[PDB]
Amino acid sequence: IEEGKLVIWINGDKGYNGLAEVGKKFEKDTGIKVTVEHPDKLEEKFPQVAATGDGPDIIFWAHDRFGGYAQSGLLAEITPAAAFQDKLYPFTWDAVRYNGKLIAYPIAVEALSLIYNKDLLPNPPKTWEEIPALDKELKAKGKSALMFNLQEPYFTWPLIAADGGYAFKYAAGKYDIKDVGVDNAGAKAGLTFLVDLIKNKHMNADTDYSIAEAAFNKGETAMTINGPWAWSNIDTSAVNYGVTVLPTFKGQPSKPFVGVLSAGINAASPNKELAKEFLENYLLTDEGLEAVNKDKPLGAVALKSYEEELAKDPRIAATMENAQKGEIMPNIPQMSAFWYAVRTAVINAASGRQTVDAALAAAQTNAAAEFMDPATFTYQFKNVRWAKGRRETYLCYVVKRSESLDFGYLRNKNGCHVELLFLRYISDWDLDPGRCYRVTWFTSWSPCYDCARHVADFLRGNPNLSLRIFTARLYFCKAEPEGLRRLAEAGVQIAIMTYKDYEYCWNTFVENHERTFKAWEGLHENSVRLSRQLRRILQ
Ligand SMILES: [Zn+2]
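Residues numbered from 1 in each chain as written, not as in the entry; some residues may be left out. Heavy atoms only, no water.

The chain is annotated in the PDB entry as MBP fused activation-induced cytidine deaminase of Escherichia coli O157:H7. You can read under Function in the UniProt record for the chain the words "Part of the ABC transporter complex MalEFGK involved in maltose/maltodextrin import. Binds maltose and higher maltodextrins." Comment text from UniProt for the chain, heading Subcellular location, reads "Periplasm". (UniProt positions renumbered as here; feature names shortened; annotations may be inferred.)

Structural data, given as structure tokens:
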């Protein structure tokens, strides 16, 4: 990493040459030259390169991604003048706020919008309730009213959320993972409305992005719900269209997910102050943002002054309108669990393979935080002698891919050893045999021969899956060691919980009320002791 010299990383699809011209104006007036680069998979590269105290001085990406960057401590905290804060829209500053502090500068704004055909529809509907009524009109001319990407949440969510559905309630500079508004009466209202639209075949419920794009661009469908990314195509489709506010369900506006292109400063950078000078006084100006926008469109922007001028275009104005009506994309990691838990729910509510409340309750509880009790964890996970006394096995689980997540814990119910429960839990959970998943366990006791047997069978039956098990203690009552040898030859990686593992569990699956991990006496000794026994068993 250089000094007296800025290096900036922006994605290839966003207009870099304009930013480089801005960087040239900076160099001209300053003498500090800046290099604008657009490398490949930079959202991946940067997290690696930054950890070594390297990489660019500034990083441009969607604000959602910057959460994991902030958690890894790769982004410097910024404290810009309350007078400068005002230059931009207040809601854009909440997108760059992680754990009650600012890690980035807001730049641009993306959000969904209602795209309608000006010929077929001179006057688009202001409500979702008009859509069936208007659908049956155009149905008579061999046309459809509305078609969009029904298969995926990002697109379907705005209708769901309009009556007060939400992902995680934003407390104040913070989301709590414990609370989720997925199964709320309003989400049920919006979702049921969607289900009614697909029941009457106002739209097929098989629809995807490509089908809806083909439909609208060839003049078949009057309205589609989509983003600036898709504007250029429709421009070259020769279709006369307009972009406007999403329709209002139950009188309340629909809530897309606002994305926010943001510039963030690498915490490893010595040039932090240089970066701030450049971003504030050069980039975030009418002049700088205009020069950037010329190279490639930014859509709506955070800077009020330039955003009034860009608002002279009603499309961009509509984007911004829907953004302010919408809700900031949460940057927290449990969002991984949100998507995957919603994605599959709406589909099952769409086909009708389950009911609305069933799908939404399933999704509600799947993407939501249940954290243990501290004393329960402390009592159940102790690896000592005389711990043969404790009765019911506990199991903390993480479902990985690393890509996506789901966390939780299970205990012995009526019958049903926890391993069998877990198998039942994940089995209900569909899976793509094309894709690969990585499951990690943390258990009180080991598995039992039966539990062992079944799990090994399950692993053989699902060769896409890979399992690793961290266990505090080994259970018996000849039998169980073999059972563990099956699991061995089955390709399961079995290990005993070391201190680092206890720390991990303590900071992951347990509600500690922000208390550190206190090692109880004889932890390491028993750990290596059980390790000797385990290594003796497996070999
Ligand atoms: Zn068992």
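Participant: Please clarify how the pattern of salt bridges should be interpreted in this entry.
Facilitator: For side chains bearing opposite charge, pairing can occur when the charged atoms are close. Under the criterion given, the structure shown has 15 salt bridges. Of the charged contacts, one joins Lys139 and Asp135 as a salt bridge, the two residues approaching to 3.2 Å between their closest N and O atoms. Overall, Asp135 belongs to the buried group, its relative accessible area being 1%. Here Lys169 makes a salt bridge to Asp179, at a shortest N to O gap of 3.3 Å. Of this pair, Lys169 sits in the loop between α7 (153-161) and α8 (185-199) while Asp179 sits in the loop between α7 and α8, and the two are 10 residues apart along the sequence. (Salt bridge = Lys/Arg side-chain N within 4 Å of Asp/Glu carboxyl O. Buried < 20%, exposed > 50% of the residue type's maximum accessible area, 1.4 Å probe, protein only. Helix = DSSP H or I, 4+ residues; strand = E, 2+ residues; numbered from the N terminus.)

Participant: Looking at this structure, I do not really get the sheet that holds strand β7 (residues 221-226). What am I missing?
Facilitator: Whenever strands of a sheet pair, they do so through backbone hydrogen bonds, lying parallel or antiparallel. With respect to topology, four strands assemble into an open sheet ordered β6-β7-β5-β8, the strand pairing being mixed. The open sheet terminates on both sides in strands that have one partner only, identified here as β6 (144-146) and β8 (241-244). Looking at each pair of strands side by side, their axes are set apart by 20° on average, direction ignored. As paired elements, strand β5 (residues 113-117) and β8 share four bridges and run antiparallel to each other. Pairing of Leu114 across the sheet is with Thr244, part of β8. The sheet contacts of helix α14 (residues 314-325) involve β5 and β8, and relative to β8 the element is tilted by about 30°. (Pairing = 2+ DSSP bridges. Axes fitted to C-alpha atoms, helices over the stretch in contact; angles between N-to-C directions. Contact = heavy atoms within 4.5 Å.)

Participant: How should the side chain of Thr471 be read in this particular structure?
Facilitator: Relative to the assigned elements, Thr471 resides in strand β15 (residues 465-471). Non-local contacts of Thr471, meaning those with residues more than four positions away in its chain, are made with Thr443, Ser444, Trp445, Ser446, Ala495, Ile496 and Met497.

Participant: Would you take a moment to explain the coordination of the zinc ion for this structure?
Facilitator: For a metal with four tetrahedral donors the ideal donor-metal-donor angle is 109.5 degrees, whereas six octahedral donors ideally subtend 90 or 180 degrees. Taken together, the protein ligands of the zinc ion are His417 (ND1), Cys448 (SG) and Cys451 (SG), with distances of 1.9 to 2.3 Å. Read in sequence order, the donor residues coordinating the zinc ion give the pattern H-x30-C-x2-C. Owing to a relative accessible area of 13%, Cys448 belongs among the buried residues under this scheme. (Donors = N, O, S within 2.8 Å, 3.2 Å for Na, K, Ca; no water.)

Participant: Whenever I open this one, helix α12 (residues 286-295) confuses me. Can you help?
Facilitator: Given 3.6 residues per helical turn, the α-helix brings residues three or four places apart onto the same face. Restricting attention to buried positions, one finds in α12 the residues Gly288, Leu289, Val292 and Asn293. End-on view of α12: buried residues confined to an arc of 130°, all on one side of the axis. Among the exposed residues of α12, those pointing more than 90 degrees away from its buried face are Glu287 and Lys294. Contacts made by the buried residues of α12 are with α1 (16-30), β4 (104-110), α11 (272-283), β10 (300-301) and α13 (304-310). (Arc of directions from axis to C-beta.)

Participant: How should the packing of α8 against helix α16 (residues 356-366) be read in this particular structure?
Facilitator: When two helices pack together, you describe them by how their axes are tilted relative to each other and by the distance separating the axes. Between α8 and α16, the shortest axis-to-axis distance is 10 Å and the interhelical angle comes to 130°. Classed by the angle they form, the pair α8 and α16 counts as oblique. In terms of crossing hand, the pair formed by α8 and α16 is right-handed. Across the interface between the two elements, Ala187, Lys188, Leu191, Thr192 and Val195 from α8 touch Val356, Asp357 and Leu360 from α16. Here the contact of α8 with α16 is composed, by residue class, of five nonpolar, one polar and two charged. (Parallel < 35°, antiparallel > 145°, perpendicular 65-115°, else oblique. Left-handed = near helix turned anticlockwise from the far one by under 90°. Nonpolar A, V, L, I, M, F, W, Y, C, P; charged D, E, K, R; others polar.)

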